[PDB]
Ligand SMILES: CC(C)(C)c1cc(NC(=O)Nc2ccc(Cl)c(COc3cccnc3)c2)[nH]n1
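Shown below, as structure tokens, is a lone chain in the form deposited without the named molecule; questions about how it binds or moves come after it.
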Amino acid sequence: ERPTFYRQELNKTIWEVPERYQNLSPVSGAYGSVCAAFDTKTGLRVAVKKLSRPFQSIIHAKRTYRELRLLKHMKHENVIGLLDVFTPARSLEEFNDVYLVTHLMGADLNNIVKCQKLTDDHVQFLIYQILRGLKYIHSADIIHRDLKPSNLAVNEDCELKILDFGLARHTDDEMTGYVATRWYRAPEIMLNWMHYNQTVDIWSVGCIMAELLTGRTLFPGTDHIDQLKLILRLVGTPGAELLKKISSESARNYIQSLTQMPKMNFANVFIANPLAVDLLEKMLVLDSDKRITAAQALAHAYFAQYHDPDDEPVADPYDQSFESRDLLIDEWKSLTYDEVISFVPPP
């Protein structure tokens, strides 16, 4: 059970990992840093993410606990699976750092697009797999909140996984608010502060598909204002009845202060498979109540070559009852420790 650890330091921070993992090569962040390594047990190359002081604040501890419990609950073909989770600490009193180990496929779409020319046949399969994973994710009342090309890994056979559930969580009615990445963030995140829902992921998938089809970012906003401007330059300025639904009065006033430019023609900007254009238009919509769902997306004609209702699974519901409480730091840490100890490696 208990393995032997060796202490390696990189970028002036210690990495205490089992001998099982060798050849640590870094790949850095606010909440966690990642190293690539070879697993002598499985013979596969793996990615090892060390959470940076996961229990320094309620925010960090809550993120650590929820990501760990999500990955342990996620069991789907197009979702990254947790191979190992360990800690050098031999007791709860010593527990501080948390390490996550997961499969390491070829490269992510970010690097891939910059050196490979993609076919429409590739985009079909890729976005089909993305939506296939999203159906599973959303069915568990989970929301990813950070779908971007760098959080999607793929191999030469075009089989992909959804990565990085660090911002994901169980969907509630009021949430963190400032989430996702600027160039893939849905409008309802910037307006209607803290009262978005699962529909945000579909906007990210639409941006992903547009970028894969064209080869360049769809909304390369310099800042938040530039993001809103680039979005409305395509999807068109909203309507009065939609404006009343915006919770922020400042947001309504700013939107009204803008020079009204309508929805440009969907077949004029992606001059491209018409079916993909139709689907994009179903996805890139302002009103979340009228945006296409992942379940509805899979049934789209664009995925006829891969759609299979019998093989599109659905997840069991996720139990956030432990999180629904306002716990202290030590209680979050104890829950995370119990979750680490209770891990059983997958076949």
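Residue numbers here begin at 1 and follow the sequence given. For clarity, a rigid core is taken as the largest C-alpha set superposing within 1.5 Å between two forms.
Same protein, other form: the form deposited with the named molecule bound, not shown, and the subject of what follows.
Placing the named molecule onto this chain after superposition of the site C-alphas, with its pose taken in the deposited complex, gives at least three ligand atoms within 2.4 angstroms of backbone or C-beta atoms; the site is classed as blocked. Although the named molecule is omitted here, in the deposited complex all of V27, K49 and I142 have a heavy atom within 4.5 Å of it. In plain terms, the part of the chain that comes close to the named molecule in the deposited complex, with a heavy atom within 4.5 Å, is 157-165 out of 118-126, 157-165, 214-222, 86-94. Only one of the listed residues (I80, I130, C207, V98) places a non-hydrogen atom within 4.5 angstroms of the named molecule in the deposited complex, and that residue is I80. Between the named molecule and the residues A315, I292, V34, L298, the one pair within 4.5 Å by heavy atoms in the deposited complex involves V34.
For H76, no non-hydrogen atom is located within 4.5 Å of the named molecule in the deposited complex, even though that partner is not displayed. Though the partner is left out of this view, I202 does not reach within 4.5 Å of the named molecule in the deposited complex, counting heavy atoms only.
When the named molecule is considered in the deposited complex, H103 lines it closely, a heavy atom lying within 4.5 Å. The closest heavy atom approach of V179 to the named molecule in the deposited complex falls outside 4.5 Å. Summarising the superposition on the core between this form and the one not shown, the listed residues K135, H76, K72, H170 contain exactly one with a Cα shift of 2 Å or larger, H170. Once both forms are overlaid on the rigid core, the distance between the two CA positions of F125 between this form and the one not shown is under 2 angstroms. The Cα position of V179 differs by 2 Å or more between this form and the one not shown after fitting on the rigid core. With the core superposed, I58 shows a C-alpha displacement of at least 2 Å between this form and the one not shown. A change of 3 Å or more separates the two forms for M175 and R185: their C-alpha atoms lie closer together in the deposited complex. Compared with the form shown here, the C-alpha atoms of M175 and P149 sit at least 3 Å closer together in the deposited complex.
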